[PDB]
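Visitor: Okay, structure incoming, though there's no sequence with it:
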């Protein structure tokens, strides 16, 4: 409200470590008067866009950290770019798919994330957390909300609000649920994942 | 005066994109189309200067940029060129860039304008596995994709289909891997060249 | 018969590059009077063992090159060891599975392959074929027939007959049949696979 | 006089198997069992000599050998120790071996005698993903597995459960990867140590 807010999102669930990290960190007080406000987004792009727009409008955040599961990635990553296309390798939770679909007619092909990427990487390394920048978020709902948030902020004169996406590995639950015929997944204990999201949130607000 | 497909690869020790471009130079395709091949240096400033000259002098009806993606198992088509330079390894001048925008006050990205699904279908009909890639890296390969798409748009030639085709290692690239590193997926060069040719034929058939 | 025979096996098929390589190379004449005799084995261990025993007895080969598909491997490989256990990650073609099952009571835990492994690797490299030694054949039917063949040969006083296993990558057909939700496979054109089997066969008989 | 589980790791720069063994030394388990930990050098001849002494002097009721398998995503149990030494990288003495039999007129392999399925189930109950591995490599890790299983059999102690547990990289191992190499799967050291502990408890509960 009157104090600076970092908006932290995860995706609603079988198991989703981004939801668990967002839920645990809701209300976290950070230095400089900053507070974390967490929300879960549905895994369907139209409903996720509508929900994220409401959060951006109602919470008026000073920074936006969107998070999601990237099952198969070994380490936390920061997305460099949100691409203005929807192309689903798997259906969303409404059973729907998109193929080569522009997110918005006559909008940029992409938005670069505006989080302090190198500062977050350095904060992770100081906390003994391996991590890196990713240059594709996929074209599923995760990428969609990154593009949606960056576009909304720019169109409302808030392009200076740092905004980006943080993909997290599988947690133990995700890895344990992999069928026996599929390859084993890299994973992290949920406490490691949540700590990485926290360290990133703290780095973002310290810079901003 | 006849329609030209500009086909580029990167200069080498071994580079399958160079070998494919060299073999396909001068190929005649249906509808009057001819392939004009050129090799680009693996240094972005010189590569950009060389590609601008090719785009200007050859005035191509379509642009197929190719390069090696050592480690990928199958040919891929790049969906998007990103306006950032960020090198994990030096270029051939020993130079690296860090989060560097390619051009001030230019788009963050350009989408490739090749007929992607048409190429994938032509590959599948030719028994060639392949797919669309959604990141070209931020090395010289990505740089020339962004460079070409930007140049075409800025010269009123945005309708010229233009994109990037990454190819696997060939046998030579895989054989040169040191014993301490993991083995690479690879394709015989004849498979790689045939995939480039099939993509070229699909591109000109649409236009 | 009166001339030295290299016994070359592949596995019966959707698509199997080891079957195609074995079928193409049947009857190949090699230097020194050697001829390739090819046969396809079923993908069920009991029937495969019975069929391989008959081939070993009836063909009386001077060398044995067993081959099979290893979908996901990028390059041809030579198996170092056949392990005396059956443990199936997927059912065989009879719908059957085994778990931690010894192949034969009171038999060795393993047999090392007796092919000239380094000579084959060198012949591959001279032919511009990347390849390597593998130290596990899995515990599916492929490993089973390697162990079965090595055991049979030793128990019949023919331990000196060079015998081993050659795994081949997916061919184009195998890679094209992968569902859209699964990761893309390394593959080789069938002509590359068949040539690698041929080069290995030629190296084996030149040494023996 | 009380039953001893011998727990080994390998001496380092960073090795999670060493850290797990050091933390668990002296752990009391139900049924009177105690963990005795030792670190082995990463040179096979010295490692074999050190392990033989531990087996002889500690007379353990079970043997849990552990080591780092940088690149594996989850803890694994080795099914088989192969009687061959073949090093892709030098040991700590700068030495390599090529297709070298570990011992003349000895078995080609020994199967591990740990209760593998019981350990996997204990891991799953503790929310730890894991699996059986069917090759330990042919480096020092495999060497000590074969060495221990052979020594136990040759001293009439084949019934002593004995096996190998490979662990992923920890954070330190993953952070030390150079920028040109691909990122490693990893686990926080506390997860790795807990997996070793759970395996140890499952082993002693069966015996």
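Guide: Alright, I've got the coordinates. Numbering: from 1, shown residues only, chains lettered A, B, ... in the order given.

Visitor: Which helix runs longest in chain A?
Guide: In chain A, ranked by residue count with DSSP state H as the criterion, the top helix is helix A:190-207.

Visitor: Show residues contacting stretch A:13-26.
Guide: A:8-12, A:36-40, A:67-69, A:168-171, A:173-174, A:177, A:188, A:190, A:193-194, A:197-198, A:201 (Cβ atoms under 8 Å, 6 or more residues apart in numbering or on different chains). For the C-beta atoms, the positions are set from N, CA and C on the backbone; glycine is no exception.

Visitor: Which PyMOL command selects the buried ones in those residues?
Guide: In PyMOL syntax, the buried subset of these is picked out as below (16 or more other Cβ atoms under 10 Å in any protein chain shown):
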select buried, chain A and resi 8+9+10+11+12+36+37+38+39+40+67+68+69+168+169+170+171+173+174+188+190+193+194+197+198+201
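
Visitor: Which members of the contacts of stretch A:13-26 occur in helices, if any?
Guide: Those of these lying in helices (DSSP H): A:173-174, A:190, A:193-194, A:197-198, A:201.

Visitor: Adding distance to chain B as columns, could you present those residues in a markdown table?
Guide: Putting those into a markdown table (distance: Cβ to the nearest Cβ, whole Å) gives the following:
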| residue | distance to chain B |
| --- | --- |
| A:173 | 28 |
| A:174 | 23 |
| A:190 | 28 |
| A:193 | 23 |
| A:194 | 27 |
| A:197 | 22 |
| A:198 | 24 |
| A:201 | 21 |
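
Visitor: Looking at those, which is nearest chain D?
Guide: The closest of the ones in helices among the contacts of stretch A:13-26 to chain D turns out to be residue A:173 (Cβ to the nearest Cβ; 7.2 Å).

Visitor: Now the closest one: closest residue in space that isn't a chain neighbour?
Guide: residue A:15 (3.9 Å; Cβ to Cβ, 6 or more residues apart in numbering or on different chains).

Visitor: Please apply the same query to residue A:181.
Guide: Leaving aside its sequence neighbours, residue A:181 sits nearest to residue C:90 (Cβ to Cβ, 6+ apart; 6.1 Å).

Visitor: Confirm for me that that neighbour is in contact with residue C:43.
Guide: No - judged on Cβ atoms under 8 Å, residue C:90 makes no contact with residue C:43 at a distance of 10.1 Å.

Visitor: quick one, which of those two is more surrounded?
Guide: residue C:43 (20 against 8; other Cβ atoms under 10 Å in any protein chain shown).

Visitor: does the more buried one really touch residue C:142, like I thought?
Guide: No - between residue C:43 and residue C:142 there is no contact under Cβ under 8 Å: 9.0 Å.

Visitor: Now for the two: what residues contact both?
Guide: Common neighbours of residue C:43 and residue C:142 (Cβ under 8 Å, 6+ apart) are residue C:11.

Visitor: Do a quick rundown of the strands in chain A.
Guide: Using DSSP state E, the strands of chain A run over A:5-11, A:29-30, A:34-41, A:63-69, A:76-79, A:81-83, A:85-86, A:101-102, A:110-112, A:131-134, A:163-168.

Visitor: now for the longest one, which elements pack on it?
Guide: This means strand A:34-41. When contacts are defined as 3 or more Cβ pairs under 8 Å, 6 or more residues apart in numbering or on different chains; DSSP states H and E, strand A:34-41 packs onto strand A:5-11, helix A:17-25, strand A:29-30, helix A:45-59.

Visitor: relative to strand A:63-69, how tilted is it?
Guide: For strand A:34-41 against strand A:63-69, the angle by axes from the mean of the first three to the mean of the last three Cα atoms, to 10 degrees is 40 degrees.

Visitor: In this model residue A:175 seems to touch residue A:187, though I could be wrong.
Guide: Yes - under the criterion of Cβ under 8 Å, residue A:187 is in contact with residue A:175, at a separation of 3.8 Å.

Visitor: neighbour count winner among those two?
Guide: residue A:187 (30 against 22).

Visitor: Output the set of residues of chain A in proximity to chain C.
Guide: For chain A, the contact set with chain C under Cβ under 8 Å from any Cβ of the partner chain comprises A:89-90, A:180-181.

Visitor: The residues you listed: which two are farthest apart?
Guide: A:89 and A:180 (22.3 Å; Cβ to Cβ).

Visitor: returning to that earlier point: out of the strands of chain A, the one nearest residue C:2 is which?
Guide: Smallest distance to residue C:2 across those (Cβ to Cβ): 64.6 Å, for strand A:131-134.
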